[PDB]
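First comes one chain, alone, set out as structure tokens in the form deposited in one PDB entry.
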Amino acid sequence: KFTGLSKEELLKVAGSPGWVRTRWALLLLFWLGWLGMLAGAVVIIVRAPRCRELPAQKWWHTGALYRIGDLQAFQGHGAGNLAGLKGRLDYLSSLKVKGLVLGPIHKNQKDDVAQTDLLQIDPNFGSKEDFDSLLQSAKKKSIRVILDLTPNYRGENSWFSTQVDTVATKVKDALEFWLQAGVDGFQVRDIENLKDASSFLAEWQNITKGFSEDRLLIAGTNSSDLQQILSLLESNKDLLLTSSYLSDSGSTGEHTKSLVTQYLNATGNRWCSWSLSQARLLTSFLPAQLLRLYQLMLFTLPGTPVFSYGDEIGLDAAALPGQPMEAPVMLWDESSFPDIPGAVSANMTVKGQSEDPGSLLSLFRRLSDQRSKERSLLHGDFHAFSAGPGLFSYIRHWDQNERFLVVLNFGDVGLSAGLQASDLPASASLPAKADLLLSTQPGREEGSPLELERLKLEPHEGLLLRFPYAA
């Protein structure tokens, strides 16, 4: 009917010369095609170029640091010990900060130079063993502890203005003692009041790097001029140095662009730190309508962002009655300030800002998550390009990863951007359409890809566009 062949007729018809040659021809053709596709894969593999080697980063290259200068104002009344600080590390890990700068805890009386000792703790903070408990408890949550070792931290002149050699001997012993006890770094402040600054900084940096290479030394100055900042960083180049360099002005955005690009050009794109002060809040220098813009800028510039406590909620020392503005109180809840009761509202607190998805704490938490995981924001290359009158735009790109575009508006007027790039590297040229991660002001929702030619900005707005590696 239509059934197939049996074994006998198949064995008698599939043995003729003409079918045998067809079967051997198809077998040899299949094997040469297999070898051809293997050779094509091998040829394509050795013509894909390369990718560069990671740069083997330290722990302070991977996110922000957090300065807690006054300890008893960080908790409140009574519980201002080193013991009470142990209960805050889950809040600190909510921010994803990689290090912590504990303020000076040693015994200082006043200008008496021979009585202050940098090895022995003032009993108003605790004893020697709950410091050890704090170090281990912070090491479990992946938070490093930096110790401030400024000698005369109770007094107007911060480095004991009469003698210069014995206080350098004090710091030289204290570095060794606390490195053996187990701290992960140091900070010395007000180095413009220290004579022979560049010599002692090199020695202390040497001792700290000689113990281990995952140790840090931070120096702070009140300078704002680039030539002194550069003068302290000639022999030393592994030093993090915090200064008042960006706290001058920025009424116009091209001024801030000039400051950032002039610093990075003058030091040769070395690793730097970005802050507004050596010890002060952002609301000591900026109006409250610029805090989101400056927080987007400080997280997407190539270096280590450094903040004090209360910068993530926008704490203002002049928002309430009398108080030392060098050390305001942190507003955890609405009963955090007992005096002048009822003066603290709910959107001024840590607790009341964690639920609002358009608060300042939420922007800090989103930005500090993106800073510690994206490779083009971890060690990417910075490039700024020209834009409209009053803008600051730049791009961060590493190799073949997701690229980031940041556009910021330091102006009290509406702007259309008009990204006149035309000078970028070929590895980071701009697409026609890019995504969104966030904005500082409401009116947009994120994930929706926007076209970069009629890009319009309302005043005091910053954007976090994003785009993948292509050609």
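One rule holds for the numbers: they count along the sequence shown, beginning at 1. So that the term is clear: the rigid core is the largest set of C-alpha atoms that superpose within 1.5 Å between two forms.
Omitted here: the form deposited with a partner chain bound. The next part is about that form.
Specify the contacting stretch among 184-192, 208-216, 387-395, 259-267, defined as having any heavy atom within 4.5 Å of its partner chain in the deposited bound form. This holds for exactly one stretch, 387-395.
Quick one: of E254, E176, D248, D333, which gets a non-hydrogen atom within 4.5 angstroms of its partner chain in the deposited bound form? Of the candidates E254, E176, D248, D333, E254 is the one lying within 4.5 Å of its partner chain in the deposited bound form.
Counting any non-hydrogen atom inside 4.5 Å, which residue from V413, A432, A426, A56 sits next to its partner chain in the deposited bound form? Contact with its partner chain in the deposited bound form is made by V413 alone.
Shifts of 2 Å or more in the Cα, rigid core superposed between this form and the one not shown, apply to only one of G443, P55, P425, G33; name it. Single hit from the list, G33.
After superposition on the rigid core, does the Cα atom of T252 shift by at least 2 Å between this form and the one not shown? Comparing the forms between this form and the one not shown, which are aligned on their rigid core, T252 does shift its C-alpha by 2 Å or more.
Cα distance between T252 and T283, which in the deposited bound form differs by 3 Å or more from this form, closer or farther: Closer together, by at least 3 Å.
With a change of at least 3 Å, which way does the C-alpha separation between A417 and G253 go in the deposited bound form: closer or farther? The answer is farther, because the C-alphas of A417 and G253 separate from each other in the deposited bound form by 3 Å or more.
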